[PDB]
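Trainee: these are from a larger complex, still in place; more later:
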Amino acid sequence: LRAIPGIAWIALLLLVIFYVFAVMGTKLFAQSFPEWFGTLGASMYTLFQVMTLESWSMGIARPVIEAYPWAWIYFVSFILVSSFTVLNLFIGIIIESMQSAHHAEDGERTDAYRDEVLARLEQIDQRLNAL
């Protein structure tokens, strides 16, 4: 019933997410956006800032004011990462909790049926009066 260890797996998939999409976003954010005018060792770091840290949400929303017609899916990058994570993580948690519940209750009913085992072998073998 040990189904917890699927936890760190999501965080290392998060490593995958941040690598891929911070690299793409850091190319398109190093190209023209003047907030940093380039991010190689601080791409992870800038996206992680924008993730409701250092009060920097609208902070990133300004360099996309300097390119609005073709740069919005970067704040939507925040959105995408959040959604993908929350989805898989949350649903795994749900399934694990509910397996535990169902097995617990149904097993208790069946061990009452083992009490019925007790009843039976007390009935026949233990009260024969001739052996």
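Mentor: That came through, no problem. Numbering: from 1, shown residues only, chains lettered A, B, ... in the order given.
Trainee: list the residues that contact the residue at minimal distance from the centre of chain A.
Mentor: The centroid of chain A falls nearest to residue A:89 when counting by C-alpha atoms, centre = their mean (2.1 Å). Under the criterion of C-beta atoms under 8 Å, 6 or more residues apart in numbering, the neighbours of residue A:89 are residue A:10. For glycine as for every other residue, the C-beta is placed from the backbone atoms N, C-alpha and C.
Trainee: any idea how far residue A:6 is from it?
Mentor: From residue A:89 across to residue A:6, the span is 9 Å (C-beta to C-beta, to the nearest Å).
Trainee: check residue A:90 too.
Mentor: 12 Å.
Trainee: so those two - more neighbours on which side?
Mentor: Each of residue A:90 and residue A:6 has its neighbours counted (other C-beta atoms under 10 Å); residue A:6 has more, 13 against 9.
Trainee: name the nearest residue to the more buried one, ignoring sequence neighbours.
Mentor: Distances taken as C-beta to C-beta, 6 or more residues apart in numbering put residue A:92 closest to residue A:6, at 5.7 Å, once the chain neighbours are dropped.
Trainee: just give me the neighbour total for the one you found.
Mentor: Residue A:92: 16 surrounding residues under other C-beta under 10 Å.
Trainee: what do you get for the one 10 residues further on?
Mentor: Other residues near residue A:102 number 9, with proximity taken as other C-beta under 10 Å.
Trainee: where does it fall, secondary structure wise?
Mentor: Under the criterion of DSSP states H and E, residue A:102 resides in helix A:75-123.
Trainee: contact partners for residue A:19?
Mentor: Counting by C-beta under 8 Å, 6+ apart, residue A:19 makes contact with residue A:44.
Trainee: let me redo that: residue A:99
Mentor: Residues in contact with residue A:99 (C-beta under 8 Å, 6+ apart) are A:1, A:3.
Trainee: hmm, back to that, how far away is the residue nearest to the centre of chain A from residue A:27?
Mentor: Note on residue A:89: its distance to residue A:27, by C-beta to C-beta, is 28 Å.
Trainee: ok, now residue A:71?
Mentor: From residue A:71 to residue A:27 the distance is 12 Å (C-beta to C-beta).
Trainee: can I get stretch A:24-31 in CSV? Just the C-alpha atoms.
Mentor: The C-alpha trace of stretch A:24-31 is given here as CSV (Å, rounded to 0.1, in the frame of the first residue of the first chain):
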residue,chain,number,x,y,z
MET,A,24,13.4,29.1,-24.6
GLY,A,25,12.0,32.0,-22.6
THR,A,26,15.5,33.2,-21.8
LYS,A,27,16.4,33.4,-25.5
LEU,A,28,13.3,35.4,-26.2
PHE,A,29,13.9,37.5,-23.0
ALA,A,30,17.6,38.1,-23.7
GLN,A,31,16.8,39.2,-27.2
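Trainee: could you also fit chain B onto it:
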Amino acid sequence: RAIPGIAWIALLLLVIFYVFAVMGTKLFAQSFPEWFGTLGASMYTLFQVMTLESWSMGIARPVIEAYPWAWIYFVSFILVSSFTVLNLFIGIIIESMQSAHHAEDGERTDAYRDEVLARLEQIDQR
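Mentor: Placed with the earlier chains, chain B looks like this:
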């Protein structure tokens, strides 16, 4: 259901929205007085076109006035209706009958517990 997720499928559904909303509302926006400068009214327009009030097929036609360049909307309305119907209805059917199998057969086995105790009482009580 594979390793996919329900609201994750729905997320890719509004990603489809991004796709074909952006395409359409970017291609012919500068030439039509229906949704003149269609920017955020794309999702609304289409997801409201789907079989709503039996009239939005009617609004799908005035863009059929641009058949060589505006039939992908026929394609796309078919897309959205298709995946909505399929996913929602049929997936919920299978979910419901899975839960049904479990609960139904469990309560039947509780009636079996009834059988057990009835017989054994008839033998033990005397």
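Trainee: try the neighbour count of residue A:92 again now we have chain B.
Mentor: Using other C-beta atoms under 10 Å in any protein chain shown, residue A:92 is surrounded by 17 other residues.
Trainee: list, one by one, the residues from chain A near chain B.
Mentor: A:83-84, A:87-88, A:91, A:102, A:106, A:109, A:113, A:116, A:119-120, A:123 (C-beta under 8 Å from any C-beta of the partner chain).
Trainee: which among those end up buried?
Mentor: A:84, A:87, A:88 (16 or more other C-beta atoms under 10 Å in any protein chain shown).
Trainee: ok, of the residues of chain A next to chain B, which one's closest to chain B?
Mentor: Set against chain B, the nearest of these by C-beta to the nearest C-beta is residue A:87 (4.5 Å).
Trainee: list the contacts of residue A:95.
Mentor: residue A:3 (C-beta atoms under 8 Å, 6 or more residues apart in numbering or on different chains).
Trainee: ok, now how distant is it from chain B?
Mentor: Relative to chain B, residue A:95 is positioned 11 Å away (C-beta to the nearest C-beta, to the nearest Å).
Trainee: how near is that residue to residue B:36?
Mentor: Note on residue A:95: its distance to residue B:36, by C-beta to C-beta, is 48 Å.
Trainee: ok, residue A:111 next?
Mentor: To residue B:36, residue A:111 is 71 Å away according to C-beta to C-beta.
Trainee: and if you look at residue A:78?
Mentor: Relative to residue B:36, residue A:78 is positioned 31 Å away (C-beta to C-beta).
Trainee: check residue A:28 too.
Mentor: According to C-beta to C-beta, residue A:28 and residue B:36 sit 30 Å apart.
Trainee: and what of residue A:70?
Mentor: For residue A:70 relative to residue B:36 (C-beta to C-beta), the value is 21 Å.
Trainee: quick check: chain neighbours aside, which residue is closest to residue A:23?
Mentor: In space, residue A:23 comes closest to residue A:43 once its chain neighbours are excluded; the distance is 6.6 Å by C-beta to C-beta, 6 or more residues apart in numbering or on different chains.
Trainee: residue A:28 too?
Mentor: Among residues not flanking residue A:28 along the chain, residue A:71 sits closest, at 6.6 Å (C-beta to C-beta, 6+ apart).
Trainee: now do the contacts for that neighbour.
Mentor: When contacts are counted by C-beta under 8 Å, 6+ apart, residue A:71 touches A:28, A:33, A:64.
Trainee: wouldn't the residue nearest to residue A:23 be in contact with residue A:27 here?
Mentor: No: contact between residue A:43 and residue A:27 fails when scored by C-beta atoms under 8 Å: they sit 9.1 Å apart.
Trainee: let's add chain C too:
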Amino acid sequence: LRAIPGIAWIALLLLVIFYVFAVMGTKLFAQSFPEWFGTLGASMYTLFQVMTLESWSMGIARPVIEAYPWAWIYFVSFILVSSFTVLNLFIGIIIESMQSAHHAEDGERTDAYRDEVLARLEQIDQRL
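Mentor: Putting chain C together with the chains above:
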């Protein structure tokens, strides 16, 4: 023992990820390669070909040999698509079949438990 709408939305996700890497091929390298300079609407053509077709379009993924350390991700991208989708789909559906197998045989054993019911009855009144 019922998971086929699974296959349905899996095909949907297939088309979605096809579009994803298509447009990624239309933006990251679009100006540098005149191979299909305007991939905006025919990265489909390019990548459909790249689909191990006639052993030459892994070839036509070559304009990634243009920038081999960084863009090798299109070849690796068909790798990823095939792996995740085909792998998970195929195996998981077969596993739903093995679920059905469990149900059938172990239910027959519980009808041997119906034989238990018989045992009950033939203990009750055989020996008043």
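Trainee: take the contacts of residue A:95 again, chain C included.
Mentor: Contacts for residue A:95 (C-beta under 8 Å, 6+ apart) come out as residue A:3.
Trainee: again, only this time at 7 Å
Mentor: With contacts taken as C-beta atoms under 7 Å, 6 or more residues apart in numbering or on different chains, residue A:95 has no neighbouring residues.
Trainee: and for residue A:32?
Mentor: So residue A:32 contacts A:66, A:67 (C-beta under 7 Å, 6+ apart).
Trainee: let me see the backbone angles for it.
Mentor: phi -130, psi -30 (degrees, to the nearest 10).
Trainee: what does the one 4 residues further on give?
Mentor: Phi and psi for residue A:36, reported as degrees, to the nearest 10, are phi -130, psi -20.
Trainee: contact partners for it?
Mentor: Contact analysis of residue A:36 by C-beta under 7 Å, 6+ apart lists A:42, A:46.
Trainee: ok, 8 Å please
Mentor: If a contact means C-beta under 8 Å, 6+ apart, then residue A:36 has A:29, A:30, A:42, A:46 as its contacts.
Trainee: got the angle for the helix holding residue A:102 vs helix B:91-124?
Mentor: 10 degrees (axes from the mean of the first three to the mean of the last three C-alpha atoms, to 10 degrees).
Trainee: what's the nearest residue to residue A:40 if we skip its chain neighbours?
Mentor: Using C-beta to C-beta, 6+ apart, the nearest residue to residue A:40 is residue A:26, at 6.9 Å.
Trainee: what about the one you found, how many residues nearby?
Mentor: When neighbours are defined as other C-beta under 10 Å, residue A:26 has 20 of them.
Trainee: so who does it touch?
Mentor: For residue A:26, the contacting residues are A:39, A:40, A:43, A:46, by C-beta under 8 Å, 6+ apart.
Trainee: repeat for residue A:114
Mentor: Residue A:114 neighbours (C-beta under 8 Å, 6+ apart): none.
Trainee: quick one: the nearest residue to residue A:85 once chain neighbours are set aside from chain C, how far?
Mentor: Distances taken as C-beta to C-beta, 6+ apart place residue A:14 nearest to residue A:85, at 6.4 Å, with adjacent residues excluded. For residue A:14, the distance to chain C (C-beta to the nearest C-beta) stands at 17 Å.
Trainee: what do you get for residue A:79?
Mentor: Distance of residue A:79 to chain C, given as C-beta to the nearest C-beta: 16 Å.
Trainee: what is the neighbour count of residue A:61?
Mentor: Neighbour number of residue A:61 under other C-beta under 10 Å is 13.
Trainee: hang on, isn't it packed against residue A:78?
Mentor: No: applying C-beta under 8 Å, one finds residue A:61 not in contact with residue A:78, separated by 10.0 Å.
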